[PDB]
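Just the one chain here, the form deposited in one PDB entry, laid out as structure tokens.
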């Protein structure tokens, strides 16, 4: 008789968890209205850690109820899934319970939902019946935000100026707008997300609503390009706080924009990370069936703490923590995990890569290159176990594969090179302003995306900006000092000297001058002091997921 009870107990867990998820998300407006940015940061951490409380709760419940079989439950759980609106995430929720019950072991198709096994409008149309002048007024008025506007007419004057430049005044009269019912919240931004329906086709329509210091809300820009929306919903950016009573309907809707993003990636963006992970595995399994390929060591410079592999044509890397680090890296395994935990909770500002913890990941022996098998068996022996035709990697991370900045820089000339170094400096500045210190600024630790943007991925040496002592390099006391191999001055742990950054960042004759004209501040300790002073004063630096030039103010 427990068969049905357990299945019902699990589904009760899902109904519970998703309701709370909605509530924590519902407070995104009030946090934004009151400019409570520390609670905005705090809510991201809570939503991320919400799913796991309920999985744990359900497991303990099941244990107390239970202190062939699983197929009885599986089918029971399967039977109440028709006429249940969010069956997809419920299946993932089911999976999470089995995975904890069986410590991520014997995961195959019929024992759990490794495969899918299977109202209220979320937008409303707006037509320029009385000109776009009034149309945009009605949209802005329909917003629930309880703050004032300085010059709504300024912003409405701006958005038309954009729309006129983007397409013809004949297309604009025949084009209309379908904006979503909710606001997508991130950091100090409230996003309006809509669709632009033109005779020539359907286009993204994005208006970020920002907040003047203790004041009004202004629309900072208007974005209508396919590629621009990618950036906004980027893998490197924090997840959106969006109220989605039916997410599967929203994922389908968002898909018309963001045409390049996969189901999983689209689920990630709205904040269903655990279900995204379920779809990430299916996207993995589908790719794997579609090709004859071997897992190889990822291109670029080898890791001194992480061992990372990939498939030749695959868009993601697998990173695993070695048993032993290089002799000069005085770190505990626990600390690297702690660094990875840190970035996952943290606001990434489109400058840090998102990871997915996987436990007991399964690979086929025939799929591994002999070079990698020996590397895995030699540098990560403790992490792997043997299962006949397959191996089990205890613990690894999966992230978006980019092209390592160290590699990219060798393939790039004048103009593009100028774009590369600009992206690096801005990356470093943005991260530093977001309370993050990038340990190994070395190029080999940054990736270059499809959009040409720079993202950090080595978390060996990460730490909070508030944790470090930025120092000037003392002027020589005597001539002798200029030629010494060692400092005459004492150096503490946590002491950083921006001056020395030059030797690793300006070796090459091309890149040096560019740093010297674009990012001179990176090598002065005073710049990092000013930044850290503001983080200590509680200030949060605004990030724009778009070019600074695109802004209305310029």
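Residue numbers count along the first chain shown, from 1. The term rigid core refers to the most C-alpha atoms you can superpose between the two forms while keeping them within 1.5 Å.
Unmodelled residues of the deposited sequence between neighbouring positions residue 118 and residue 119 number 4 to 9. Deposited sequence between residue 492 and residue 493: no residues lack coordinates (chain continuous).
The deposited model assigns a higher average Cα B-factor to 123 to 131 than to the other stretch when 123 to 131 and 416 to 424 are compared. Legend: mean Cα B-factor per stretch from the PDB entry, 68 to 76 versus 282 to 290; the higher mean is in 68 to 76. Taking the PDB entry at face value, the top CA B factor among 365, 302, 188, 471 belongs to 365. When the C-alpha B-factors of 235, 243, 218, 240 are read from the PDB record, the largest value belongs to 218. Among the modelled residues of its chain, residue 541 has a C-alpha B-factor that falls in the highest third according to the deposited record.
Sort the chain's modelled residues by C-alpha temperature factor and residue 527 lands in the middle third, per the entry. Split the chain's modelled residues into thirds by C-alpha temperature factor. Residue 521 is in the middle one.
Among the modelled residues of the chain, residue 111 sits in the highest third by CA temperature factor in this PDB entry.
In the deposited entry, the Cα temperature factor of residue 60 places it in the middle third of its chain's modelled residues.
Quick note: we don't show the form deposited in another entry, though the next part is all about it.
Put simply, after the core is superposed between this form and the one not shown, 329 is the one residue in 255, 329, 365, 335 with a Cα shift of at least 2 angstroms. Core-superposed comparison between this form and the one not shown: the C-alpha position of residue 62 differs by no less than 2 Å. Relative to what is shown, residue 379 and residue 328 are closer in the other form; their C-alpha atoms differ in spacing by at least 3 Å. Between this form and the other one, the CA-CA gap for residue 328 and residue 323 narrows by 3 Å or more, being smaller in the other form.
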